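To keep things clear, I will list the structure first and then write my remarks on it.
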Amino acid sequence: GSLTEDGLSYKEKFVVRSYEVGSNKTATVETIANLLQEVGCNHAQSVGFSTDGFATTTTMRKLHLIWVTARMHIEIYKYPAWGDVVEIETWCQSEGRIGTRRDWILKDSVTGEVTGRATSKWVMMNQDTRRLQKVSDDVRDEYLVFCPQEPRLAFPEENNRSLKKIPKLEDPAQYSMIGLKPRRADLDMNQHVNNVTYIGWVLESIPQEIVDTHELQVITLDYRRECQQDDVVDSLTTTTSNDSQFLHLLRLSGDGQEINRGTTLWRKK
Amino acid sequence: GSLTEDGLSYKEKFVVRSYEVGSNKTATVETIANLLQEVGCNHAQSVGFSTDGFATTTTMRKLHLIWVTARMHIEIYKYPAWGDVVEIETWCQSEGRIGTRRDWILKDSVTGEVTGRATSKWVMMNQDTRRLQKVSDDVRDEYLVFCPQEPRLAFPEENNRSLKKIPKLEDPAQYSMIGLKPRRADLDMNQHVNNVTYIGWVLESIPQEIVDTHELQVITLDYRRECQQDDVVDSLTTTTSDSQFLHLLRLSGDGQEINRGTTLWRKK
Ligand SMILES: Cc1nc(-c2cccc(N)c2)cs1
Ligand SMILES: Cc1nc(-c2cccc(N)c2)cs1
């Protein structure tokens, strides 16, 4: 991979692997989400920021501040087949004192056509206290020279799906998968549960008949609280809708504390 | 990747990814095992065999016959760091009517030094009845032109670790991780649990303090029975000693054995 000519975005090519595909012989949404994280990490390395997933400056490291994903929104038109080459372009942009945004465009390497797009909202948080804080001018200025100055949005549309408010699923859920636990393969280098694991956990409560007759088109996922390595999770889903839509809730198995909420949109194969 | 000059082995380079590393900022043994699978699959594609993990011929497909892993043995000297390039060379060899063997050598691309090696034993099985069968001459001959004729072993030493008999762990286990279940990410394209998931499940019962102060050097794992998508697994471990452990994976209900293995760990 490499930064583009103007140095304000990063591109990288990936060949889809045999273990990265599902029952359709095409890449799963979790393989896609891992590739988004990989290209995000290589973009941070290219410009001197931390490579641990929190993309910090030396100023943020001294204050124990990190960037944390608040929302992930992914829209796939065609999942790359095994052996296909996918090219992903990524960039970041400040959104005032609220937080920052990382966007991605996925393309078929052979045809040059757009096969997907994603956006994510990030907030700044103290690593130890877990307290959120509005971005300061001095931290903001450190990032502005690595971002486009004019707005560049993967989801420019008027009332786009990426910014819609997600409601809380009310019991009883129509479907559930109970007692989900992370294993060591689900942890990152800092022993935190990888953000992509939560996507997998959300999808566990979708009936197999939906997965077998439909394809996932859109997933929007809010991240409210972290699942610890020793926590147990319950994944809940209810149909809200040719296209099928679902409302999702991930909560801790004991007290029912919310860790994530989301929506998925599926189209008939 | 590509077949080598003589066409009897296959090589491929991989750049270690950010999500592929553990707490040491180096590739996990599960990332290594997935890369062994990937290069095995690209080798099969390069010579016209099936790419579903069973590396079948048209003769085997007609008979509903598949190749299934019976044993995996992996020895790592240095785990590749994040961003490093690792080159893996793989080849196959027939072992008479018993089954076949796939071997691998891992190397650091920059230095050319060997950083690891692996071997695996495969048996032929009817995919529907699950009955094992000794290889026939007609199926064996189809593969012989894609394999070295003289023996080529990743583990040459007479009576080496890769061929040692593994005993059955007796209750009570010293450590355990119970109620392990596969999710969709653990399945392959044919909706079967990926062989690498079982390695992860074995390692779940190793205490965190061992993982934090030691590095995994050798893992030998026997595959006895398949975990179905709706099965629940218990992972059991007992110290037998460098630290050595005996492992057992069994179905949560009746205690039916799915795998047994050993691991050897070195102090960091
Ligand atoms: C690798 C890069 N990260 C960024 C980035 C990271 C956090 C916040 C903002 N505003 C930008 C720009 S280029
Ligand atoms: C891709 C390849 N598979 C083989 C292979 C596969 C099964 C049995 C034997 N004896 C060889 C050689 S090259």
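Chain letters run A, B, ... following the sequence lines, proteins first and then strands; every chain starts at 1.
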>> So which residue, A/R184, A/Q191, A/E30, ends up with the most heavy-atom pairs under 4.5 Å with chain B?
In response: A/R184
> Given a strict heavy-atom distance threshold of 4.5 Å, which part of A/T28 is in contact with chain B: side chain, backbone, both, or neither?
Replying inline: neither
> What part of A/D52 gets closer than 4.5 Å to chain B, counting heavy atoms only: side chain, backbone, both or neither?
Replying inline: neither
> Given side chains that start at C-beta, do those of B/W82 and A/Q45 come closer than 4.5 Å, heavy atoms only?
Replying inline: yes
> Does the side chain of A/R17 come within less than 4.5 Å of B/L35's, by heavy atoms?
Replying inline: yes
> Which residues pass the side chain to side chain donor-acceptor pair (under 3.5 Å) test with B/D108, sequence neighbours left out?
Replying inline: B/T111
> Of all of B/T51, B/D188, B/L187, B/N190, which one pairs up most often with chain A through heavy atoms under 4.5 Å apart?
Replying inline: B/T51
> Who are the salt bridge (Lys or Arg N to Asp or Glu O under 4.0 Å) partners of A/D186, not counting sequence neighbours?
Replying inline: B/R183
> Within residues 231-239 of chain B, which positions have a heavy-atom distance to chain A below 4.5 Å?
Replying inline: none
> Considering only heavy atoms, which portion of B/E12 lies under 4.5 Å from any heavy atom of chain A: side chain, backbone, both, or neither?
Replying inline: neither
>> Which atoms of B/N194 are under 4.5 Å from chain A, going by heavy atoms: the side chain, the backbone, both sets, or neither?
In response: side chain
For the atom pair [atom1] ([X]) and [atom2] ([Y]), what is the distance rounded to the nearest 0.5 Å?
X     : Y      : atom1 : atom2 : value
B/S18 : A/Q37  : OG    : CD    : 6.5 Å
B/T26 : A/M189 : OG1   : CE    : 10.5 Å
B/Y19 : A/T197 : OH    : OG1   : 12.0 Å

> Which residues in residues 202-217 of chain A have a heavy atom less than 4.5 Å from any heavy atom of chain B?
Replying inline: A/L203, A/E204, A/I206, A/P207, A/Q208, A/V211, A/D212
